[PDB]
Structures are given as C-alpha cells and as structure tokens.
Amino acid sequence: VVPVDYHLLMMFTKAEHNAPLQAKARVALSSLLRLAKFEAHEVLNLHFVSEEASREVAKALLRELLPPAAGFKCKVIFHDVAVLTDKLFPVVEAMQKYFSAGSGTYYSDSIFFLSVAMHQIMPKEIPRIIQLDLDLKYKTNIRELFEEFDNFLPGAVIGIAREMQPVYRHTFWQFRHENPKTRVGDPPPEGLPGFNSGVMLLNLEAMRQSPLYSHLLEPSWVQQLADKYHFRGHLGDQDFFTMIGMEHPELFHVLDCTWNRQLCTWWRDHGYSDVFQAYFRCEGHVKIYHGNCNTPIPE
C-alpha cells in the first residue's frame, strides 16, 4: 500500500521546571491522541520545536501516551529551536520590529515567526503542515482538519480562524480613526477581526508557489503595510498574518470558529465590554478549544 503522511507541528520550548506548560502539553496531546484515527497506511508525524531540555521532557510525556489507543503509526520528530532561529532570521528579521515585544530585533523573538517562513524551513517533501498551540483541547479526530485543505480557493496559502477578542480593534485604532468606513478590526460576520494563530493549516507548496505571498515577505513590503496600518504588535506570526490578511484576504482560507474556539476574555475587561460579544460569539459543535491567556478549558 502507498504510505500517506500527515504532519503536525507544535512549539515546546522552556518546558523544564515549567509545570503549567507541561500540563497544557499534557491536555493537548492526550486529547489529540485519544481522539485521533488514521487508516493502516497513514502515519501521523508529530514535529516538536524544542531546545534540548524540553526535548527530554516531551519524550517522557510522549512515551506515557504512545502508542495511541487507535493503534495507528505515529512518528515523533524534534527540531532544534536554535537551528530554526538562524534559518528564520534572514527571512524574518525585518518584520520583528513591528510584531515583537517590544523593540526591536532579537534572536529570541525569531521563532515566534516560524509559521510565516515554514515553507522555507521544512524539507520540500512536506507539502502541508498544521501548526498547533499546546494550550488546545481536541474534541474531534484531527484527521478531519486536514480535509479543510481541499476548501482552499485559488491563490489561498493558509487556513486560519478569526481572532475572537477585539485585540485588533484596539491595535488598528489609528487606521480606524483615519478611515471611518473600514471593516479592518470590526467584528464578524462582515468585519475583519484579524486572525488567531492557535490552529494554522500551512500549505507549504502554495506558500512557495505564490508570487504574492513571497512579495509580502520582502522587507520593503512588510514596512509599507506596517506604515499604512500604523501597526504595532507583540504576537508575532499572528500579527503578521492579521496585517497582510487586511491587505490581501485572498491568501487566507478562514476556518470556522469551532476549529479554534478561543476562551481568553482579557480584552473584555480592558475597554471592550460593549463590543466584546460581537467578537467572542462562536456557535456550532466545538471541534477544538483554545485555552488562550492561561484560561482553564472546561471538561
């Protein structure tokens, strides 16, 4: 039988002596694996980005959870955060000053941009990869998420869900001020609230092959758009995709909110009580919970 590979990637760094992170990793990976199902010839590839101490922590967790109940073939791959950092930096350097905490261009911020240049980092054999946060809880078989790649329209390179707080209403304030009629930062269904990076379907082939996407990576394009939008962030990849998502929504296949149901309400209590609901509303059968800003996930 012809073997078929599925690729997931998760960030797992600074995990040693960090019980809160290990608990999240535990919640994410246990649900993922309990609920995952794959055909006989299919193999699930789990890529972890870690320094050496966190690699040992992840292994100890992983042996406790593998092999999976459903008995499918599962391969674990680790990538050195320091190796990836150096590979990302030339590509990613110029965007750091706009999207990193705070100023300006530090090596330690580079990895938070991994997804934007993932097609240049992963071997060309990998055509697609799903990057996932470790503060998730899977409520369905992750194999089902992969079929969303099929719903990508011509020219789209990334599958991503909307940001469910008005953080981007706040971020785009000055652009909003200068453009009263803009949908930039407005809530759904007609506004553009920006994106959340918790679940991202990164089509590496479409990313490599897009003339538009490649141009938006160039220092002067990053700079031009950040100026047009008066954009300052500290959320990295999320902030970059959000920004280019305002200029060029064609590039993104918007996932339904149930694929990344965020639970953080921090912005509700910081000046957005009125409009919060319009952003935060998500209805339908939840597929993935995202316990962002350390928000406990319900059981």
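From 1 onward, residues are counted along the sequence shown. Take the two forms, find the largest set of C-alpha atoms that superpose within 1.5 Å, and that set is the rigid core.
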Higher C-alpha RMS shift from the shown form in 8 other deposited structures of this protein - 106 to 114 or 135 to 143, rigid core fit | 106 to 114
Hey, after superposing on the core, which one moves around more in 8 other deposited structures of this protein, 115 to 123 or 93 to 101, CA-wise?
-> 93 to 101
Does residue 69, which is modelled here, drop out in at least a third of the other compared PDB entries?
-> yes
Averaging the C-alpha B factors as listed in the entry, name the stretch that ends up higher: 229 to 237 or 264 to 272.
-> 264 to 272
For 169 to 177 versus 111 to 119, entry-based mean Cα B-factors point to 169 to 177
Can you pull the Cα B-factors for 254, 43, 49, 243 from the entry and say which is highest?
-> 43
Of the options 93, 133, 86, 125, which has the highest CA B factor as deposited?
-> 125
On the chain's distribution of Cα B-factors, residue 198 falls within the third called lowest
What third of its chain, lowest, middle or highest, does the C-alpha temperature factor of residue 157 fall into?
-> lowest
Just say lowest, middle or highest third for the CA B-factor of residue 79 relative to the other modelled residues in its chain.
-> lowest
Which third, lowest, middle or highest, does the CA B-factor of residue 163 fall in along this chain?
-> lowest
Assert third(CA B-factor, residue 101) within chain per record equals highest
